[PDB]
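Here Cβ is always computed from backbone atoms with ideal geometry, including for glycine, and neighbour counts include all displayed protein chains. No value in this document is a laboratory result; all are computed from the given coordinates.
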Amino acid sequence: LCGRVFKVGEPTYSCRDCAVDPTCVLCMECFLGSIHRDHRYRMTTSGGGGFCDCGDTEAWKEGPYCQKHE
Ligand SMILES: [Zn+2]
Ligand SMILES: [Zn+2]
Ligand SMILES: [Zn+2]
């Protein structure tokens, strides 16, 4: 229920422990309210476009939702 579309220069966060593949990402809001802030995460700046995968159970091996969207 996030669905945020990233803007130019916006940080995106993946979790190296939980992402199903390297394109699985969270926006800043969802990352900071998720279990993955305590994991090995990777921040990549968006060039614009793409979207947050919070809530997609097929994107995450654990912790698919943040506290705001669960
Ligand atoms: Zn989000
Ligand atoms: Zn969320
Ligand atoms: Zn994780």
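Quick rundown of the values:
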quantity	calculated
Test: residue in segment 5-17 that is within 10 Å of ligand 3 (Cβ to nearest atom) and in a loop (DSSP other than H, G, I, E, B)	yes
Residues of segment 7-27 that turn out to be loosely packed, with under 14 Cβ neighbours inside 10 Å and of a type in the set (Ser, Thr, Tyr), as a count	1
Pick from segment 29-70, criterion within 11 Å of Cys2 (Cβ to Cβ) and outside any loop (DSSP other than H, G, I, E, B), ranking: farthest from ligand 3 (Cβ to nearest atom)	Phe51
